[PDB]
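Peer 1: Just dropping this structure here.
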Amino acid sequence: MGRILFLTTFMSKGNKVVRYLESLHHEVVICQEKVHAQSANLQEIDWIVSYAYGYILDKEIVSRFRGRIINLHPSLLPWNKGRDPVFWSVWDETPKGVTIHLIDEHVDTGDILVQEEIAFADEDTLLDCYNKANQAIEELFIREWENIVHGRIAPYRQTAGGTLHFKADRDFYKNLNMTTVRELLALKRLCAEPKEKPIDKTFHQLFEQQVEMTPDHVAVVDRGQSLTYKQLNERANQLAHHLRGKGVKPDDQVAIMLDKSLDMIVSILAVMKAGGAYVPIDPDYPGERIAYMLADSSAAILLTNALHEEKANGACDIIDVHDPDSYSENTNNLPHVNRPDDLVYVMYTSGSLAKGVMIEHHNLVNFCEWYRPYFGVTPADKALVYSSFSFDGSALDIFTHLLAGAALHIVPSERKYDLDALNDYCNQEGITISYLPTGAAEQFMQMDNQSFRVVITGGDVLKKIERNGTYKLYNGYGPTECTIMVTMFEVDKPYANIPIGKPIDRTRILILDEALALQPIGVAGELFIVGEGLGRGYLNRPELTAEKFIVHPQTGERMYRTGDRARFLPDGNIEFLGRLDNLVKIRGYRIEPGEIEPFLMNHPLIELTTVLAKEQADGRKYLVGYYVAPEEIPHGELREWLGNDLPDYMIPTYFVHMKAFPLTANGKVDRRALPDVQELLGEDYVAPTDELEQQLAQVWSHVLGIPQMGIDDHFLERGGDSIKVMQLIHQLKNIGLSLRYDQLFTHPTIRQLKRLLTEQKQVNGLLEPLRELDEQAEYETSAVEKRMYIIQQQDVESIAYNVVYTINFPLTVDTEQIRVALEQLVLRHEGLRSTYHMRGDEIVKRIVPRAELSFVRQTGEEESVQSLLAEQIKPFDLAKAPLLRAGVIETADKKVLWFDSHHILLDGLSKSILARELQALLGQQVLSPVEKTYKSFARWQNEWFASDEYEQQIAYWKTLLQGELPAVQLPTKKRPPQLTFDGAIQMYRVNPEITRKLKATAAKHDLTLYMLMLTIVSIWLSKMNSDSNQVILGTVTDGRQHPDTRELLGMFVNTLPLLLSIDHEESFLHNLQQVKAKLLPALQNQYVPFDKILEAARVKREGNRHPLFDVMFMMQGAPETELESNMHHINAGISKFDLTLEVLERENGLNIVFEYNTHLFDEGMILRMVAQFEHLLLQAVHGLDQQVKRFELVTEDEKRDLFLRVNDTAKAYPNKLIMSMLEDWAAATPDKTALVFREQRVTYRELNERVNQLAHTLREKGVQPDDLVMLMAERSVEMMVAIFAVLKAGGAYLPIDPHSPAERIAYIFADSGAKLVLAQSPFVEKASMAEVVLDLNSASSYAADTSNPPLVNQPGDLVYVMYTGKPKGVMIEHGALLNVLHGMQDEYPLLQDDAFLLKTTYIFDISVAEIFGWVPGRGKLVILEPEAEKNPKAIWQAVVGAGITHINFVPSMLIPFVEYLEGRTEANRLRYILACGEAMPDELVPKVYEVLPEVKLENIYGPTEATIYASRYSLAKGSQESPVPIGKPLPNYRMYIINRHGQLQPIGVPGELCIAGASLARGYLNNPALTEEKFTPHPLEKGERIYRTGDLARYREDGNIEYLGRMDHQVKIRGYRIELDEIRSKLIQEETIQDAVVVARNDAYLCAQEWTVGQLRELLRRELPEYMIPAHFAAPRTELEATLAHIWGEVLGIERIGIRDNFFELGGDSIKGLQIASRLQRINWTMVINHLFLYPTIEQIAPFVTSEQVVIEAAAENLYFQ
Ligand SMILES: *P(=O)(O)OCC(C)(C)[C@@H](O)C(=O)NCCC(=O)NCCNC(=O)CNC(=O)[C@@H](NC=O)C(C)C
């Protein structure tokens, strides 16, 4: 032992490490603050252990305790030294690990003691990586601390190079903690600084270079006149000489007021050559505007003519461009005075006076030097100067193409607006490339153009892509402040939101938040531009330039504040989402009107769309949808068209039809000339006509929050939920009318609702208030409160039903104001002051006046917040208040408020109420005191349980949940024997777009979003349950039966079992309506407690699963407060059920949370399932009229992973047929041993020559290719001589067992119709009814010619016909046999020194692998004596004597061969024992490797219709494979597992195995019907055939297939499939291995050296589920067991309970355990309820618990009053 000073600052004081040190009987002194060398915290201490310790230790301390200071750093030092190490281990892509090192004078550079390499998953979030890393360094310390303190570990120095980081180095990569590793590394590439050459040129320099390259090329074309490059250059130099002499210096602002002409191009280049920048002034601008631009530009010279000279009013030195005295005689290039950082132009932006944007030379050059190579601009191109020279569009028109040698065509403003004339000019002049603004483009795309090859657009949101031309379409984005454009996208596909593209050269785009921090990919934010497009700024306006042109506080880079919202897509392109301020609020919903335009244009008749937001003086804002179409479209039609996938507040109130959209002169839609409309409520508004219709409309207005409802307005499509329907019903009770929850979906408008209720009379008393209970000592609990109490008492140390939520606050929030407000809520709500105790056998509640809240204040870092939180999640004692612990973890950037409650208090609605009231109290707002208490509701409901309605509702579940309920066997792992509540979480986010389509679809078809998701979940579960027609799942309801309990803090949620049906042969919409028809009756009987529902159903209690259902589907509405939207639910590693799906509406989308049992599902299994749910969800929302059968579960990524891991087996194999190999080999090695029968040896030559003779004798009998001759012979050399001779002649051999009954051979005589029969002498008389019968033992049936007969067979000719219920003839071709032989030879090679054993009967295909397995490789075939296959002695004698290396065994016959060999030590040459014919016992693998080491046991599978084999799995000496897979396909084999509808099944889901490839059979002989049934073409093979095996099989994660039995011989007990092999193995593992086999009989029931009677059930109970226990195969001892029998019997209701009786079998539940424990406490016995689940028998549990509470009698006995 020794004293240890534990130094931690951002970790806790009670960590696993400290407690482990205390467990070793150490004294751990913990200091969370600074320590000075003279601090008493440094005396008598032997070690110093640091762990997330802020502050650096003093120098004297490091030297004084040298070798005794130990730090726990969560990194693989030397990598990521310092702060935030785990995050930097990912972002900098460094090695991952953890290090226990020594402390030196520097930051984590000391010598290492131990180090471990941890691995992060790409799909793990950063927070997941933090927990994994911090746990690894803690467990490593627990593992090595003793080896350190005892000096058993030698410190080693660090490998040289690594990384160091500090505290503020992550303040930009925040907001990224929930982002996965792959998505983080992607955002890195998409937003990290790339490595390029700078710009050392100006435009005139580059233009003067191109002028020398294409001097005589036409440069500008105005009217019919033209100008070449040299002529343009010389005319500009003349004017620039005159300008520079007048007094133009760099950074001057010479203005130009000319119309589009040649003189404009000359003028522009003259200013730049002189040295200045040109300020374009439109000659048509107002006079005051012209003067402002001149005054602001500070221009002394004006380049105008005589038409626009008087528009200056003596404002500058006018230089007429038509006066010859304005041009010099110098046509030589001027001397250069400019720099790449000089102004080139100043264009003004009238964003409403204008602002002069200043652009420099290097900005334009970077754009021009990118434009030319991007679009391939050649000197052969033609572009038009379309845009006015007062906009940056003309810069792209003029400057980008002049640097490429192209020709500019000046567009007269007389045209330009006539897009028909522009298409003419473009066609008759061959214009190839140009830039058209968005509005003009979308109108030009309706023109027949053949000249353009590239058309670029940009300015407004581009939507239309359908064009009448062969030109490529490009979309661009960019503000004038950043040159012209910064991103470019090629419009290839149709897009809803056409991307603005990827950044251009020397330009980087960043999507940031309001704090200028990096947003994750997909999350929107402000577009920030960085690169060589950023100009100097605004002219004479430095304040605004500092506002938009900012330097980054963390990157030091100059950025432009675009003010636009955008998001990065995964591909790399940027998607424009709108302006950050142009968001309008319609019906209280902030929307972007531009999101509606793509849906309206998708209408078949609308070709142009623009949605505008207009306002009325009253305040209300309305959307107007302007559309261009051939004629008008009905208003309702447009409301229907948008209603298919848009909510109501985004459906415009008014629609305006237009012939053509007005365009501004800039090329954009006018958006101000668009006609106006008019306070009307629309055309679909029908006002109430009766008193009841107005009464209902006001109730509808109150619930849905919409004023002036319509008679034909749909409740669900205007915001109605389930709670809104129940509100409507309750508000109608106050009126006096009764509406059922189902009648709303059948009457979803006020019109129909009136017709239903107008015949009803107002009844009083329909809504009774809740009576407030008078003051009492104790209060009775509710049924759900009792149930939560019963659950917690099973394991009184469980956190499964603990409710943890965290909220991240800014550091400005007073931590005490939170505590104060939380302490107010403890007073306001009696639930926070309620304590639950037990009075006898009754659970009661007691309210306490005041309770003390636990508010722990801590300090932590980002990589410790979770582990600081995880230790605060401790069990609750339901007898102690406040039942809610809280606290605040303060980091350097946030304050994490946390609280932990119990589900007996905090349900879903209680969390929303608590967040609402905390946000009010934190806002210093008043809180009107509460009015009702949970004690009142409990009494109300406990009384309602004795009503008549309750008896009606309990009959619904008794008449429904009784019978053989559905069985959902999800593809899980092996179910643990007990119950596991260990779990994890995976999340799937549905984007806001699909979320709208899901909601709009549900509303359109009288459904809620919950009903729609429930069907998708039901279909998802059904398809995983082998396409079941019925499923069972669970859900949760609010449980607020009395309407006065919606503001109370308590547990109300009730659990409902949902029995649903899915018809795969019908549409999604059909199943959607039938799901509603099964949910609504359940919601009408929803208030029966779940424990009573189970009892009424008379359900089992199988310990491997949960009652009634195993999967739960929950849905919570959107957050009502902002404090609620910023809350985070914590799982803490608990899964209450096998799988839970919760759909949470967050941020206009859907966050679907997958809570799963970690013992039943892996991370990869869940990742496949969340991807399959998305696959079905997208398939369904886009396939409503489609049948559910046509939806596929497997994803394209799973289809391609299954191919690569399984069906990628193609390998080119030689086409030399097996006969030609015997010829080729015999000629090479003629006297080498080929056959060995008994003690005689045949050589290749002897075999070949003997085979040749019988071949010639066969040819003269009419043996032609694809002719069949039957064989009746036993194991001999003649059989081998026969078989090979059949093939040499050209035919195929048909094996016929010679000892077959005459009826069988007659059948195969008829079906084959074959005439020839090669038989042995004892069987010639059996072939009596043939034609040509030859005795193989008579030299008459042989000939003299030892010559090899000619080759007459082709790779597609039949080689044998194996017969298999009347047998059928499987026809096998040559190349089929050649492929399985080459594959087996490539896998299990038989070489020259190796051999085979002929032991399988030739009426079995496995024999063929022995008949021919030796020919490739030139081995030998030892022919086992006939009937010796049953004698393992004779078998063994052969392998030892002949050196047999390849042997085939049926698993049943390998058992007697593994025996006998037990003990024998004779040497062996065996190499492969290939097993096939039946399922391999899991116990045989070790038995084989024990008796015969060095052998390689291999399990092979293959039907006769796939030659011989098809799949193989190599068993290893590890002996750990319980499934015993049949394996993966062989070379050029492909296997598929399909469902009942022909779809590929995913991993784990069972289906029918199917085969495909080269070694497939040609078909059944004389049975084309069966050939068409079992050999079918399939889209998986692209029209090629597949063989239906008829065997059930499942895919494994490895890829190896598992044999599940024949589909027509499948055993199912109560729906669940039975694996009878797993039953026998669990029965054989005992000592008495009688090896009894289990089989199923029908009465359907399972039946199967010890007097085991019913005790074997107890053995098969702790390993197998009750549905896989074979049905057919009182002695209380002490006073304790005698007592236990009485309490059990009295509670369970059973008489004479004996020990060794299963408590749960006797009807036990977690409720009856609490009763049994309660009765036992009053007699001072102590039983733990969890022990009942571990020791379900009395003799088992009586010692393992049932301790006594010691009673004493003393203290003060005698008193003496002095
Ligand atoms: P015993 O186990 O032998 O007897 C059987 C019974 C019926 C007693 C027992 O098995 C039982 O009660 N089963 C049902 C338990 C159940 O349904 N628990 C679910 C409770 N609801 C939730 O966990 C989720 N509800 C919420 O409101 C959460 N919202 C989101 O998570 C809150 C935590 C906010």
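Going by the structure tokens order, chains are called A, B, ..., each with residues numbered from 1, while ligands are numbered from 1 in the order shown.
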Around ligand 1, at most 6 Å away and counting only C-alpha atoms and all ligand atoms, which residues are there? Put them as a PDB file with C-alpha atoms, in the first residue's frame, please.

Peer 2:
```pdb
ATOM      1  CA  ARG A 787     -46.018  -0.842 -12.329  1.00  0.00           C
ATOM      2  CA  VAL A 803     -34.648   9.840 -17.351  1.00  0.00           C
ATOM      3  CA  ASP A 907     -42.912  11.175 -18.761  1.00  0.00           C
ATOM      4  CA  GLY A 908     -42.981  12.785 -22.211  1.00  0.00           C
ATOM      5  CA  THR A1055     -48.234   0.829 -23.169  1.00  0.00           C
ATOM      6  CA  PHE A1090     -50.738  -3.012 -19.631  1.00  0.00           C
ATOM      7  CA  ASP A1091     -50.421  -5.521 -16.777  1.00  0.00           C
ATOM      8  CA  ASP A1709     -44.464 -12.314 -12.732  1.00  0.00           C
ATOM      9  CA  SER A1710     -42.502  -9.323 -11.464  1.00  0.00           C
ATOM     10  CA  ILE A1711     -45.678  -8.251  -9.639  1.00  0.00           C
TER      11      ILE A1711
END
```

Peer 1: Would you list the contacts of residue 520 in chain A as a PDB file with C-alpha atoms, in the first residue's frame, taking every protein, DNA or RNA residue within 9 Å and counting only C-alpha atoms, but skipping same-chain residues closer than 5 positions in sequence?

Peer 2:
```pdb
ATOM      1  CA  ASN A 175     -20.460  22.234 -33.480  1.00  0.00           C
ATOM      2  CA  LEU A 176     -18.908  19.001 -34.824  1.00  0.00           C
ATOM      3  CA  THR A 179     -20.636  14.285 -36.420  1.00  0.00           C
ATOM      4  CA  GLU A 183     -18.387  12.951 -42.188  1.00  0.00           C
ATOM      5  CA  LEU A 184     -15.729  14.820 -40.199  1.00  0.00           C
ATOM      6  CA  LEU A 187     -15.713  18.228 -44.169  1.00  0.00           C
ATOM      7  CA  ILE A 511     -20.411  27.324 -44.533  1.00  0.00           C
ATOM      8  CA  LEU A 512     -20.228  28.900 -41.068  1.00  0.00           C
ATOM      9  CA  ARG A 567     -25.205  23.979 -47.282  1.00  0.00           C
ATOM     10  CA  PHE A 568     -22.562  21.580 -48.544  1.00  0.00           C
TER      11      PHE A 568
END
```

Peer 1: If DSSP is run on the backbone, what residues of range 1456-1690 of chain A are strand (DSSP E)? A reply as a ChimeraX atom specification would be ideal.

Peer 2: /A:1472-1475,1496-1501,1511-1514,1528-1529,1533-1538,1550-1557,1563-1564,1575-1577,1585-1595,1601-1606,1612-1613,1616-1617,1639-1641,1645-1647

Peer 1: Can you pull out every residue within 8 Å of residue 1589 in chain A, counting only C-alpha atoms, but drop anything in the same chain fewer than 2 positions away, and send it as a PDB file with N, CA, C and O atoms, in the first residue's frame?

Peer 2:
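Writing done, so here's result_12.pdb:
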```pdb
ATOM      1  N   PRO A1503     -26.289 -29.383 -54.556  1.00  0.00           N
ATOM      2  CA  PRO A1503     -27.318 -30.276 -55.091  1.00  0.00           C
ATOM      3  C   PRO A1503     -26.822 -30.995 -56.335  1.00  0.00           C
ATOM      4  O   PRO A1503     -25.835 -30.606 -56.964  1.00  0.00           O
ATOM      5  N   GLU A1552     -34.925 -19.010 -49.676  1.00  0.00           N
ATOM      6  CA  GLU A1552     -34.614 -20.191 -50.474  1.00  0.00           C
ATOM      7  C   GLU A1552     -33.272 -20.001 -51.168  1.00  0.00           C
ATOM      8  O   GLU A1552     -33.073 -19.020 -51.892  1.00  0.00           O
ATOM      9  N   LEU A1553     -32.360 -20.944 -50.953  1.00  0.00           N
ATOM     10  CA  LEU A1553     -31.074 -20.901 -51.630  1.00  0.00           C
ATOM     11  C   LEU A1553     -31.246 -21.234 -53.105  1.00  0.00           C
ATOM     12  O   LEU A1553     -32.016 -22.125 -53.473  1.00  0.00           O
ATOM     13  N   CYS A1554     -30.536 -20.495 -53.954  1.00  0.00           N
ATOM     14  CA  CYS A1554     -30.587 -20.698 -55.394  1.00  0.00           C
ATOM     15  C   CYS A1554     -29.174 -20.658 -55.950  1.00  0.00           C
ATOM     16  O   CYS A1554     -28.315 -19.929 -55.449  1.00  0.00           O
ATOM     17  N   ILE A1555     -28.938 -21.454 -56.992  1.00  0.00           N
ATOM     18  CA  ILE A1555     -27.604 -21.620 -57.551  1.00  0.00           C
ATOM     19  C   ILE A1555     -27.582 -21.085 -58.973  1.00  0.00           C
ATOM     20  O   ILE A1555     -28.587 -21.111 -59.689  1.00  0.00           O
ATOM     21  N   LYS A1574     -37.845 -25.472 -61.631  1.00  0.00           N
ATOM     22  CA  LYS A1574     -36.677 -25.387 -60.768  1.00  0.00           C
ATOM     23  C   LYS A1574     -35.506 -24.650 -61.402  1.00  0.00           C
ATOM     24  O   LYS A1574     -34.616 -24.203 -60.673  1.00  0.00           O
ATOM     25  N   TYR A1587     -31.140 -22.233 -60.203  1.00  0.00           N
ATOM     26  CA  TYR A1587     -31.753 -23.465 -59.723  1.00  0.00           C
ATOM     27  C   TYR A1587     -32.331 -23.243 -58.331  1.00  0.00           C
ATOM     28  O   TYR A1587     -31.604 -22.871 -57.405  1.00  0.00           O
ATOM     29  N   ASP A1591     -34.151 -25.520 -50.402  1.00  0.00           N
ATOM     30  CA  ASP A1591     -33.565 -25.554 -49.071  1.00  0.00           C
ATOM     31  C   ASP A1591     -33.542 -24.145 -48.499  1.00  0.00           C
ATOM     32  O   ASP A1591     -33.165 -23.195 -49.194  1.00  0.00           O
TER      33      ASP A1591
END
```

Peer 1: Contacts of range 664-673 of chain A at 8 Å or less, counting only C-alpha atoms, minus same-chain residues fewer than 3 places along, as a PDB file with N, CA, C and O atoms, in the first residue's frame?

Peer 2:
```
ATOM      1  N   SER A 387     -24.999  41.567 -71.339  1.00  0.00           N
ATOM      2  CA  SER A 387     -25.270  42.360 -70.149  1.00  0.00           C
ATOM      3  C   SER A 387     -24.705  43.768 -70.293  1.00  0.00           C
ATOM      4  O   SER A 387     -23.717  43.997 -70.994  1.00  0.00           O
ATOM      5  N   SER A 388     -25.353  44.716 -69.620  1.00  0.00           N
ATOM      6  CA  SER A 388     -24.878  46.093 -69.616  1.00  0.00           C
ATOM      7  C   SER A 388     -23.486  46.177 -69.002  1.00  0.00           C
ATOM      8  O   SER A 388     -23.133  45.409 -68.105  1.00  0.00           O
ATOM      9  N   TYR A 417     -33.847  42.121 -75.727  1.00  0.00           N
ATOM     10  CA  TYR A 417     -35.140  41.909 -75.093  1.00  0.00           C
ATOM     11  C   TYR A 417     -36.064  41.044 -75.938  1.00  0.00           C
ATOM     12  O   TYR A 417     -37.045  40.506 -75.412  1.00  0.00           O
ATOM     13  N   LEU A 436     -26.097  34.154 -70.012  1.00  0.00           N
ATOM     14  CA  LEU A 436     -27.417  34.757 -69.960  1.00  0.00           C
ATOM     15  C   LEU A 436     -27.920  34.770 -68.527  1.00  0.00           C
ATOM     16  O   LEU A 436     -27.850  33.738 -67.848  1.00  0.00           O
ATOM     17  N   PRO A 437     -28.413  35.904 -68.028  1.00  0.00           N
ATOM     18  CA  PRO A 437     -29.027  35.917 -66.697  1.00  0.00           C
ATOM     19  C   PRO A 437     -30.172  34.917 -66.601  1.00  0.00           C
ATOM     20  O   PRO A 437     -30.726  34.466 -67.607  1.00  0.00           O
ATOM     21  N   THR A 438     -30.525  34.578 -65.358  1.00  0.00           N
ATOM     22  CA  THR A 438     -31.444  33.468 -65.108  1.00  0.00           C
ATOM     23  C   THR A 438     -32.772  33.661 -65.832  1.00  0.00           C
ATOM     24  O   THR A 438     -33.249  32.756 -66.526  1.00  0.00           O
ATOM     25  N   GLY A 439     -33.383  34.838 -65.685  1.00  0.00           N
ATOM     26  CA  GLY A 439     -34.682  35.063 -66.301  1.00  0.00           C
ATOM     27  C   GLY A 439     -34.636  34.963 -67.813  1.00  0.00           C
ATOM     28  O   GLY A 439     -35.476  34.304 -68.431  1.00  0.00           O
ATOM     29  N   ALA A 440     -33.646  35.613 -68.429  1.00  0.00           N
ATOM     30  CA  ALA A 440     -33.521  35.561 -69.881  1.00  0.00           C
ATOM     31  C   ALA A 440     -33.183  34.155 -70.357  1.00  0.00           C
ATOM     32  O   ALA A 440     -33.638  33.730 -71.426  1.00  0.00           O
ATOM     33  N   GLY A 459     -27.686  34.416 -61.220  1.00  0.00           N
ATOM     34  CA  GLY A 459     -28.230  35.691 -60.794  1.00  0.00           C
ATOM     35  C   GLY A 459     -29.442  35.508 -59.908  1.00  0.00           C
ATOM     36  O   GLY A 459     -29.508  36.053 -58.802  1.00  0.00           O
ATOM     37  N   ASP A 460     -30.412  34.747 -60.395  1.00  0.00           N
ATOM     38  CA  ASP A 460     -31.549  34.283 -59.614  1.00  0.00           C
ATOM     39  C   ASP A 460     -31.486  32.764 -59.504  1.00  0.00           C
ATOM     40  O   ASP A 460     -30.578  32.116 -60.033  1.00  0.00           O
ATOM     41  N   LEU A 612     -44.250  34.913 -54.648  1.00  0.00           N
ATOM     42  CA  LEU A 612     -43.942  36.155 -53.958  1.00  0.00           C
ATOM     43  C   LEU A 612     -44.718  36.241 -52.652  1.00  0.00           C
ATOM     44  O   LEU A 612     -45.805  35.668 -52.513  1.00  0.00           O
ATOM     45  N   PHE A 661     -43.474  36.068 -68.310  1.00  0.00           N
ATOM     46  CA  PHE A 661     -43.003  36.824 -67.156  1.00  0.00           C
ATOM     47  C   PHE A 661     -42.302  38.106 -67.604  1.00  0.00           C
ATOM     48  O   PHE A 661     -41.538  38.091 -68.573  1.00  0.00           O
TER      49      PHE A 661
END
```

Peer 1: Within 10 Å of residue 465 in chain A, counting only C-alpha atoms, which residues qualify if same-chain residues fewer than 3 places away don't, as an mmCIF file with N, CA and C atoms, in the first residue's frame?

Peer 2:
```cif
data_model
loop_
_atom_site.group_PDB
_atom_site.id
_atom_site.type_symbol
_atom_site.label_atom_id
_atom_site.label_comp_id
_atom_site.auth_asym_id
_atom_site.auth_seq_id
_atom_site.Cartn_x
_atom_site.Cartn_y
_atom_site.Cartn_z
ATOM 1 N N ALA A 441 -32.390 33.418 -69.575
ATOM 2 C CA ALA A 441 -32.055 32.043 -69.930
ATOM 3 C C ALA A 441 -33.309 31.181 -70.014
ATOM 4 N N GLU A 442 -34.034 31.058 -68.896
ATOM 5 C CA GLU A 442 -35.232 30.224 -68.846
ATOM 6 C C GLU A 442 -36.227 30.558 -69.947
ATOM 7 N N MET A 445 -34.365 29.201 -73.312
ATOM 8 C CA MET A 445 -34.344 27.748 -73.424
ATOM 9 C C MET A 445 -35.560 27.198 -74.159
ATOM 10 N N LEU A 462 -32.022 29.276 -60.481
ATOM 11 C CA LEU A 462 -32.326 28.549 -61.704
ATOM 12 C C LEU A 462 -33.174 27.322 -61.394
ATOM 13 N N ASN A 468 -34.356 23.800 -75.738
ATOM 14 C CA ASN A 468 -34.468 23.451 -77.154
ATOM 15 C C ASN A 468 -33.139 23.735 -77.854
ATOM 16 N N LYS A 472 -24.698 22.762 -73.511
ATOM 17 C CA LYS A 472 -24.590 22.406 -72.104
ATOM 18 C C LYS A 472 -24.988 23.588 -71.230
ATOM 19 N N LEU A 473 -25.668 23.292 -70.127
ATOM 20 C CA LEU A 473 -26.168 24.313 -69.217
ATOM 21 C C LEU A 473 -25.293 24.362 -67.972
ATOM 22 N N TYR A 474 -24.902 25.571 -67.576
ATOM 23 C CA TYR A 474 -24.071 25.786 -66.402
ATOM 24 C C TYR A 474 -24.735 26.802 -65.484
ATOM 25 N N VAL A 491 -25.425 21.780 -65.099
ATOM 26 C CA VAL A 491 -26.757 21.208 -64.945
ATOM 27 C C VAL A 491 -26.879 19.977 -65.834
ATOM 28 N N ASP A 492 -26.585 18.803 -65.276
ATOM 29 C CA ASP A 492 -26.651 17.544 -66.014
ATOM 30 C C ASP A 492 -27.988 16.837 -65.816
ATOM 31 N N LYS A 493 -28.368 16.589 -64.574
ATOM 32 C CA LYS A 493 -29.624 15.950 -64.221
ATOM 33 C C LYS A 493 -30.667 16.999 -63.871
ATOM 34 N N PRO A 494 -31.941 16.615 -63.806
ATOM 35 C CA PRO A 494 -32.940 17.508 -63.200
ATOM 36 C C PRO A 494 -32.795 17.506 -61.685
ATOM 37 N N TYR A 495 -32.775 18.701 -61.097
ATOM 38 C CA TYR A 495 -32.632 18.858 -59.658
ATOM 39 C C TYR A 495 -33.779 19.696 -59.114
ATOM 40 N N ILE A 498 -31.209 23.236 -57.894
ATOM 41 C CA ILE A 498 -30.036 23.118 -58.755
ATOM 42 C C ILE A 498 -28.825 23.668 -58.015
#
```

Peer 1: Leaving out range 368-384 of chain A and any residue of its chain fewer than 5 positions from it, which residues lie within 10 Å of it when counting only C-alpha atoms, given as a VMD selection string?

Peer 2: chain A and resid 199 203 206 210 213 to 214 217 to 221 362 to 363 394 to 411 422 425 to 426 429 to 436 451 to 456 474 488 504 to 506

Peer 1: Just the residues within 7 Å of range 1336-1342 of chain A, please, counting only C-alpha atoms, with nothing from its chain fewer than 6 positions along; format it as number ranges by chain.

Peer 2: A: 1253-1254, 1257, 1278, 1318-1321

Peer 1: Looking at A:588, A:1590, A:476, A:1493, which one is nearest to residue 575 in chain A, with distances taken over only C-alpha atoms?

Peer 2: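 Distance minimum relative to residue 575 in chain A lands on A:476.
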
Peer 1: So, counting only C-alpha atoms, which residue among A:160, A:86, A:1593, A:663 is closest to residue 132 in chain A?

Peer 2: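 Closest to residue 132 in chain A, using only C-alpha atoms: A:86.
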